[PDB]
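Participant: So here's target.cif (mmCIF, C-alpha atoms and all ligand atoms).
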data_coords
#
loop_
_atom_site.label_atom_id
_atom_site.label_comp_id
_atom_site.auth_asym_id
_atom_site.auth_seq_id
_atom_site.Cartn_x
_atom_site.Cartn_y
_atom_site.Cartn_z
CA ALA A 2 32.45 23.63 -44.52
CA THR A 3 33.14 20.10 -43.27
CA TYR A 4 31.12 17.21 -44.72
CA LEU A 5 31.19 13.60 -43.48
CA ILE A 6 29.76 10.83 -45.69
CA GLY A 7 29.25 7.16 -44.81
CA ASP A 8 30.06 4.03 -46.77
CA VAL A 9 29.92 4.70 -50.53
CA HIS A 10 30.36 1.09 -51.75
CA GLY A 11 30.77 2.00 -55.40
CA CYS A 12 27.68 4.24 -55.44
CA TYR A 13 29.37 6.93 -57.51
CA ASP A 14 26.19 8.52 -58.88
CA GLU A 15 24.72 8.91 -55.40
CA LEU A 16 27.98 10.31 -54.03
CA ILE A 17 28.20 12.98 -56.70
CA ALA A 18 24.51 13.85 -56.39
CA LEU A 19 24.87 14.30 -52.63
CA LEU A 20 27.99 16.45 -53.02
CA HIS A 21 26.15 18.60 -55.58
CA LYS A 22 23.24 18.95 -53.14
CA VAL A 23 25.56 20.56 -50.55
CA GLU A 24 27.59 22.41 -53.26
CA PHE A 25 30.80 20.76 -52.07
CA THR A 26 33.68 22.96 -53.23
CA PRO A 27 37.27 21.74 -52.78
CA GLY A 28 39.35 24.60 -51.42
CA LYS A 29 36.41 25.93 -49.39
CA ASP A 30 35.19 22.59 -48.01
CA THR A 31 36.69 19.33 -46.73
CA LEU A 32 35.09 15.88 -47.10
CA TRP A 33 35.55 13.06 -44.58
CA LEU A 34 34.74 9.53 -45.80
CA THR A 35 34.21 6.56 -43.48
CA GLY A 36 35.70 4.03 -45.90
CA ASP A 37 34.28 1.09 -47.76
CA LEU A 38 34.59 3.19 -50.91
CA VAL A 39 34.34 0.09 -53.08
CA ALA A 40 32.37 -3.13 -53.69
CA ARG A 41 28.72 -4.05 -54.30
CA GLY A 42 27.74 -0.83 -56.09
CA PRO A 43 28.60 -0.53 -59.77
CA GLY A 44 31.07 2.34 -59.75
CA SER A 45 34.06 1.46 -57.56
CA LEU A 46 36.47 2.60 -60.31
CA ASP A 47 34.92 6.05 -60.63
CA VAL A 48 34.71 6.42 -56.83
CA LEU A 49 38.41 5.72 -56.35
CA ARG A 50 39.45 8.01 -59.23
CA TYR A 51 37.37 10.88 -57.83
CA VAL A 52 38.38 10.47 -54.18
CA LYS A 53 42.07 10.25 -55.09
CA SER A 54 41.71 13.44 -57.16
CA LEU A 55 40.51 15.36 -54.09
CA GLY A 56 43.94 15.34 -52.37
CA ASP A 57 43.97 17.49 -49.23
CA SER A 58 40.23 18.18 -49.64
CA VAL A 59 39.41 14.64 -48.51
CA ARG A 60 40.16 12.80 -45.24
CA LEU A 61 39.60 9.06 -45.78
CA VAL A 62 39.81 6.08 -43.45
CA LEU A 63 40.13 2.55 -44.87
CA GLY A 64 37.30 0.06 -44.34
CA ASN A 65 37.14 -3.73 -44.47
CA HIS A 66 36.07 -3.81 -48.15
CA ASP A 67 38.91 -1.45 -49.08
CA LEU A 68 41.36 -3.87 -47.44
CA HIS A 69 39.69 -6.83 -49.17
CA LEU A 70 40.10 -5.08 -52.53
CA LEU A 71 43.80 -4.63 -51.79
CA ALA A 72 44.04 -8.35 -50.95
CA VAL A 73 42.40 -9.30 -54.25
CA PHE A 74 44.71 -6.96 -56.18
CA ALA A 75 47.76 -8.50 -54.46
CA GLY A 76 46.61 -12.05 -55.26
CA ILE A 77 46.05 -12.84 -51.56
CA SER A 78 42.26 -13.32 -51.76
CA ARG A 79 39.77 -14.52 -54.33
CA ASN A 80 37.56 -12.05 -56.21
CA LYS A 81 33.87 -12.49 -55.35
CA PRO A 82 31.59 -11.72 -58.34
CA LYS A 83 29.06 -9.88 -56.15
CA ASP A 84 31.68 -7.26 -55.21
CA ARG A 85 31.76 -5.99 -58.84
CA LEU A 86 35.46 -5.11 -58.60
CA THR A 87 36.59 -6.32 -62.02
CA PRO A 88 36.37 -2.95 -63.88
CA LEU A 89 38.59 -1.40 -61.21
CA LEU A 90 41.00 -4.35 -61.14
CA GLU A 91 41.30 -4.30 -64.95
CA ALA A 92 41.65 -0.54 -65.29
CA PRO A 93 44.90 0.78 -66.80
CA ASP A 94 45.39 2.99 -63.72
CA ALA A 95 44.64 0.20 -61.20
CA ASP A 96 48.23 0.22 -59.85
CA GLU A 97 48.16 4.02 -59.37
CA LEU A 98 44.74 3.93 -57.68
CA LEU A 99 45.44 1.00 -55.38
CA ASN A 100 48.96 2.10 -54.39
CA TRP A 101 47.34 5.37 -53.38
CA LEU A 102 44.55 3.56 -51.48
CA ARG A 103 46.90 1.46 -49.38
CA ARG A 104 48.70 4.60 -48.15
CA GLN A 105 45.54 6.12 -46.65
CA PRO A 106 44.90 6.27 -42.89
CA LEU A 107 42.89 3.99 -40.64
CA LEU A 108 42.20 6.88 -38.25
CA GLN A 109 41.52 10.62 -38.70
CA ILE A 110 41.72 13.09 -35.80
CA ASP A 111 40.86 16.82 -35.81
CA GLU A 112 41.71 18.38 -32.45
CA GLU A 113 39.99 21.71 -33.10
CA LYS A 114 36.73 19.90 -33.89
CA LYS A 115 37.38 17.31 -31.15
CA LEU A 116 36.45 14.79 -33.83
CA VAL A 117 37.75 11.26 -34.45
CA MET A 118 36.84 9.01 -37.36
CA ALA A 119 37.54 5.36 -38.09
CA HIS A 120 35.65 2.85 -40.21
CA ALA A 121 34.07 0.83 -37.39
CA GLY A 122 34.65 3.23 -34.50
CA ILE A 123 37.03 3.23 -31.53
CA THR A 124 37.04 0.19 -29.25
CA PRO A 125 36.41 1.22 -25.60
CA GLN A 126 39.58 -0.72 -24.72
CA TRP A 127 41.67 2.02 -26.41
CA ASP A 128 42.64 5.46 -25.21
CA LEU A 129 43.60 8.01 -27.84
CA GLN A 130 47.37 7.47 -27.65
CA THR A 131 46.90 3.72 -28.15
CA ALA A 132 44.53 4.19 -31.08
CA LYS A 133 47.09 6.50 -32.72
CA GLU A 134 49.94 4.07 -32.16
CA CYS A 135 47.93 1.12 -33.53
CA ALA A 136 46.78 3.08 -36.57
CA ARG A 137 50.38 4.10 -37.26
CA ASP A 138 51.58 0.49 -37.01
CA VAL A 139 49.08 -0.92 -39.48
CA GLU A 140 49.39 2.06 -41.83
CA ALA A 141 53.12 1.37 -41.85
CA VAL A 142 52.68 -2.23 -42.98
CA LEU A 143 50.06 -1.27 -45.60
CA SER A 144 52.29 1.46 -47.06
CA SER A 145 55.37 -0.78 -47.26
CA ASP A 146 56.63 -2.88 -50.15
CA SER A 147 55.75 -5.95 -48.07
CA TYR A 148 52.03 -5.19 -47.74
CA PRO A 149 50.78 -8.48 -49.32
CA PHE A 150 52.25 -10.44 -46.38
CA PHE A 151 50.28 -8.31 -43.91
CA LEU A 152 47.11 -8.52 -46.00
CA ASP A 153 47.38 -12.30 -45.80
CA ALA A 154 48.01 -12.21 -42.06
CA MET A 155 45.09 -9.81 -41.40
CA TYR A 156 42.39 -12.46 -41.81
CA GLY A 157 41.23 -13.99 -38.54
CA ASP A 158 38.87 -13.48 -35.62
CA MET A 159 41.32 -13.80 -32.68
CA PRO A 160 42.58 -12.38 -30.39
CA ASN A 161 39.49 -10.31 -29.55
CA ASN A 162 40.78 -8.69 -26.34
CA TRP A 163 43.27 -5.81 -26.31
CA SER A 164 46.45 -5.85 -24.25
CA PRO A 165 49.58 -3.67 -24.61
CA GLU A 166 51.42 -6.99 -24.27
CA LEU A 167 49.98 -8.30 -27.55
CA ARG A 168 52.69 -8.98 -30.12
CA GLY A 169 53.07 -10.08 -33.68
CA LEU A 170 50.30 -11.50 -35.84
CA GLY A 171 47.72 -11.34 -33.06
CA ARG A 172 48.45 -7.69 -32.39
CA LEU A 173 48.01 -6.70 -36.05
CA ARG A 174 44.89 -8.84 -36.43
CA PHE A 175 43.26 -7.28 -33.37
CA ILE A 176 44.09 -3.76 -34.58
CA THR A 177 42.62 -4.46 -38.02
CA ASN A 178 39.45 -5.98 -36.58
CA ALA A 179 38.94 -3.13 -34.08
CA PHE A 180 39.26 -0.43 -36.74
CA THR A 181 37.43 -2.14 -39.63
CA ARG A 182 35.13 -4.95 -38.38
CA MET A 183 33.93 -4.01 -34.83
CA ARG A 184 30.24 -3.87 -34.04
CA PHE A 185 29.39 -5.60 -30.74
CA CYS A 186 31.38 -5.93 -27.53
CA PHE A 187 31.11 -8.11 -24.46
CA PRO A 188 30.76 -6.15 -21.19
CA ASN A 189 34.54 -6.12 -20.65
CA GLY A 190 35.04 -4.50 -24.07
CA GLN A 191 36.10 -7.68 -25.88
CA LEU A 192 35.15 -7.84 -29.56
CA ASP A 193 32.48 -10.18 -30.90
CA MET A 194 33.30 -10.99 -34.53
CA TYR A 195 30.11 -12.83 -35.53
CA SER A 196 26.96 -10.82 -34.84
CA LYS A 197 26.07 -8.23 -37.48
CA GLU A 198 22.48 -7.55 -36.44
CA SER A 199 20.93 -4.36 -35.11
CA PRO A 200 21.42 -3.74 -31.36
CA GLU A 201 17.83 -4.71 -30.53
CA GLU A 202 18.21 -8.05 -32.37
CA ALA A 203 21.57 -9.03 -30.86
CA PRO A 204 21.88 -11.88 -28.35
CA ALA A 205 22.73 -10.90 -24.79
CA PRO A 206 25.14 -9.93 -23.29
CA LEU A 207 26.33 -8.22 -26.50
CA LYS A 208 26.13 -4.43 -26.61
CA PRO A 209 27.31 -1.92 -29.23
CA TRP A 210 30.90 -0.79 -28.77
CA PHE A 211 29.62 2.74 -28.31
CA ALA A 212 27.36 1.68 -25.41
CA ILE A 213 30.46 0.90 -23.30
CA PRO A 214 32.10 4.07 -21.90
CA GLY A 215 35.58 4.48 -23.30
CA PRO A 216 38.21 7.19 -22.84
CA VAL A 217 38.20 8.41 -26.46
CA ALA A 218 34.43 8.78 -26.63
CA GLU A 219 34.42 10.68 -23.31
CA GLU A 220 36.59 13.44 -24.84
CA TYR A 221 35.93 13.28 -28.60
CA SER A 222 33.02 12.91 -30.96
CA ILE A 223 33.37 9.73 -33.04
CA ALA A 224 32.13 9.40 -36.62
CA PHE A 225 32.08 5.96 -38.24
CA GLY A 226 30.42 3.92 -40.95
CA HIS A 227 30.48 0.12 -41.43
CA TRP A 228 27.47 -0.96 -39.34
CA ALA A 229 24.68 -0.85 -41.90
CA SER A 230 22.10 -2.74 -39.81
CA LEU A 231 22.29 0.14 -37.31
CA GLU A 232 20.65 2.30 -40.02
CA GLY A 233 22.48 5.31 -38.57
CA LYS A 234 20.24 5.54 -35.49
CA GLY A 235 20.31 4.52 -31.86
CA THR A 236 23.60 6.17 -30.93
CA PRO A 237 24.45 8.31 -27.89
CA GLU A 238 25.28 11.99 -28.02
CA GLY A 239 28.65 12.48 -29.69
CA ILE A 240 28.48 9.23 -31.70
CA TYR A 241 27.69 9.57 -35.43
CA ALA A 242 26.81 6.38 -37.33
CA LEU A 243 26.94 7.51 -40.94
CA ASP A 244 26.42 4.22 -42.86
CA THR A 245 22.75 4.17 -43.89
CA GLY A 246 23.19 1.39 -46.45
CA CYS A 247 23.24 3.12 -49.83
CA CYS A 248 24.50 0.04 -51.72
CA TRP A 249 21.73 -2.04 -50.08
CA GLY A 250 18.90 0.16 -51.35
CA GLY A 251 19.04 2.44 -48.32
CA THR A 252 20.46 5.96 -48.49
CA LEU A 253 23.76 7.80 -48.61
CA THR A 254 24.09 10.18 -45.65
CA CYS A 255 26.12 13.39 -45.39
CA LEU A 256 26.59 15.29 -42.13
CA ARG A 257 27.76 18.89 -42.14
CA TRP A 258 29.86 19.37 -39.02
CA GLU A 259 29.42 23.09 -38.39
CA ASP A 260 25.64 22.87 -37.86
CA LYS A 261 25.19 19.10 -37.53
CA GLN A 262 22.84 19.26 -40.50
CA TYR A 263 22.06 16.02 -42.36
CA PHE A 264 21.58 15.64 -46.12
CA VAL A 265 20.39 12.37 -47.64
CA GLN A 266 20.63 10.90 -51.15
CA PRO A 267 18.25 8.02 -51.91
CA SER A 268 19.71 4.86 -53.42
CA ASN A 269 19.25 4.58 -57.15
CA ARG A 270 18.77 0.83 -56.83
MN MN A 301 30.34 -1.13 -45.60
MN MN A 302 32.53 -2.13 -43.34
#
Rewrite the coordinates I just gave you, this time as structure tokens.
Ligand SMILES: [Mn+2]
Ligand SMILES: [Mn+2]

Facilitator:
Amino acid sequence: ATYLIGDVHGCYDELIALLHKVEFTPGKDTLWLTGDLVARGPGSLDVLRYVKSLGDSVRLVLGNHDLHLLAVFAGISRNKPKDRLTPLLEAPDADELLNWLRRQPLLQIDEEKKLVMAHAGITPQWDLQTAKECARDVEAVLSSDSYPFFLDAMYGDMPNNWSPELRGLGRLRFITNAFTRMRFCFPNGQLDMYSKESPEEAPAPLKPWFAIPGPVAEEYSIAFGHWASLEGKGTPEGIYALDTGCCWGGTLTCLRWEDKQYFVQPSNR
């Protein structure tokens, strides 16, 4: 079976309880995770140890909090106490865990399922070939010995409009924001990097990225996490918003792909 779970955010106990509910069995089943494995919840260390141990039985994409953790580890960014990352950062296997994390994808594609997953979704300004090329480019910098330089460059809100002519810092920053920070778009597809509200509460003319027809979403289903104020609802057919805010006192959501059946684990906090 194929299971897709939204943002875990250190909620190890809820993750394991949900996997036990569906009797997740590596070797018979595969788990897809939308990223943001870490921060806010108490168990980021246990989450990373477990997910790394799954190997080929898990298909992860990196989220914005996973990248922030890497930046803290590399000394690029300051540790925020509310993220509760210190047990992971101080663990004796922190190097092993975080060198594994930075080699994971930003984009997962399964052609037989016609299924795409990224942390924030797929901007409507991208076709599939462009999304693949951009994912490959940023995965290459994150997996290289020089990844702290890119982590430092990644911060920023501009440019917010895609062009194949984009180069350099702006190109990488756009790619990172599209895959890991996107929520709202302007009508032409341009990213808005400020509004984090639910679609009903957003100022006009902002609309969800998935409300703008794009070439990937016309051919593939898209699963994503990230947008907790969406509460996993309000999406079109073929769009699966899996982040139901477990670390915020909401729920952890698991979707089984074969029958589109949902399973929910209440937050323990
Ligand atoms: Mn998140
Ligand atoms: Mn996120």

Participant: List all protein, DNA and RNA residues that have an atom no more than 8 Å from any atom of ligand MN 302 (chain A), counting all atoms listed in the file, and report them as a PDB file with C-alpha atoms, keeping the file's coordinate frame.

Facilitator:
ATOM      1  CA  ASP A   8      30.060   4.030 -46.770  1.00  0.00           C
ATOM      2  CA  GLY A  36      35.700   4.030 -45.900  1.00  0.00           C
ATOM      3  CA  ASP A  37      34.280   1.090 -47.760  1.00  0.00           C
ATOM      4  CA  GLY A  64      37.300   0.060 -44.340  1.00  0.00           C
ATOM      5  CA  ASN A  65      37.140  -3.730 -44.470  1.00  0.00           C
ATOM      6  CA  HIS A  66      36.070  -3.810 -48.150  1.00  0.00           C
ATOM      7  CA  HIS A 120      35.650   2.850 -40.210  1.00  0.00           C
ATOM      8  CA  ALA A 121      34.070   0.830 -37.390  1.00  0.00           C
ATOM      9  CA  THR A 181      37.430  -2.140 -39.630  1.00  0.00           C
ATOM     10  CA  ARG A 182      35.130  -4.950 -38.380  1.00  0.00           C
ATOM     11  CA  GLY A 226      30.420   3.920 -40.950  1.00  0.00           C
ATOM     12  CA  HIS A 227      30.480   0.120 -41.430  1.00  0.00           C
ATOM     13  CA  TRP A 228      27.470  -0.960 -39.340  1.00  0.00           C
TER      14      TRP A 228
END

Participant: Nearest to ligand MN 301 (chain A) among A:26, A:230, A:87, A:222, with distances taken over all atoms listed in the file: which residue is it?

Facilitator: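 Of all the options, A:230 lies closest to ligand MN 301 (chain A).
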
Participant: What separation in Å, quoted to one decimal, exists between atom CA of residue 270 of chain A and atom CA of residue 41 of chain A?

Facilitator: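 For atom CA of residue 270 of chain A relative to atom CA of residue 41 of chain A, the distance reads 11.4 Å.
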
Participant: Which one of A:38, A:253, A:231, A:213 sits closest to residue 62 of chain A if you count all atoms listed in the file?

Facilitator: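 So, comparing all the options, the nearest one is A:38.
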
Participant: Could you check how far atom CA of residue 31 of chain A sits from atom CA of residue 260 of chain A, in Å to one decimal?

Facilitator: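 Answer for the atom CA of residue 31 of chain A to atom CA of residue 260 of chain A separation: 14.6 Å.
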
Participant: Between atom CA of residue 88 of chain A and atom CA of residue 149 of chain A, what is the spacing in Å?

Facilitator: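 Between atom CA of residue 149 of chain A and atom CA of residue 88 of chain A the gap is 21.2 Å.
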
Participant: Between A:127, A:33, A:151, A:258, which is the closest to residue 169 of chain A once you count all atoms listed in the file?

Facilitator: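 Closest candidate: A:151.
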
Participant: Could you check which of A:220, A:67, A:30, A:91 is closest to ligand MN 301 (chain A), using all atoms listed in the file?

Facilitator: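 Among A:220, A:67, A:30, A:91, it is A:67 that comes nearest to ligand MN 301 (chain A).
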
Participant: Looking at A:84, A:153, A:94, A:259, which one is nearest to ligand MN 301 (chain A), with distances taken over all atoms listed in the file?

Facilitator: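 Checking each of A:84, A:153, A:94, A:259 against ligand MN 301 (chain A), counting all atoms listed in the file, the winner is A:84.
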
Participant: Could you give me, as a PyMOL selection string, the residues within 12 Å of segment 199-207 of chain A, counting only C-alpha atoms and dropping anything in the same chain fewer than 3 positions from it?

Facilitator: chain A and resi 184-196+210-213+228-236

Participant: Mind checking which residues fall within 12 Å of residue 23 of chain A, counting all atoms listed in the file, ignoring those fewer than 6 positions away in the same chain, and posting them as a ChimeraX atom specification?

Facilitator: /A:2-6,16-17,30-32,254-257,262-266

Participant: May I have the centre and edge lengths, in Å to one decimal, of an axis-aligned box around the listed atoms of segment 42-50 of chain A with 3 Å added to every side, as lines of an AutoDock Vina configuration file?

Facilitator:
center_x = 33.6
center_y = 3.6
center_z = -58.4
size_x = 17.7
size_y = 14.8
size_z = 10.5

Participant: Counting all atoms listed in the file, which residue out of A:81, A:133, A:10, A:103 sits closest to ligand MN 301 (chain A)?

Facilitator: A:10

Participant: Find the spatial neighbours of residue 123 of chain A, counting all atoms listed in the file, within a cut-off of 9 Å - ignore same-chain residues fewer than 2 positions away - and output them as a ChimeraX atom specification.

Facilitator: /A:117-121,125-129,132,179-180,183,210-211,215,217-218,223,225

Participant: Which residues are near residue 150 of chain A? Cut-off 12 Å, only C-alpha atoms, ignore same chain within fewer than 2 positions. Put them as a PyMOL selection string.

Facilitator: chain A and resi 71-72+75-78+142-148+152-156+170+173

Participant: Can you tell me, as a VMD selection string, what residues are no more than 12 Å from residue 92 of chain A when counting all atoms listed in the file, ignoring any on the same chain fewer than 2 positions away?

Facilitator: chain A and resid 45 to 47 49 to 50 74 86 to 90 94 to 99
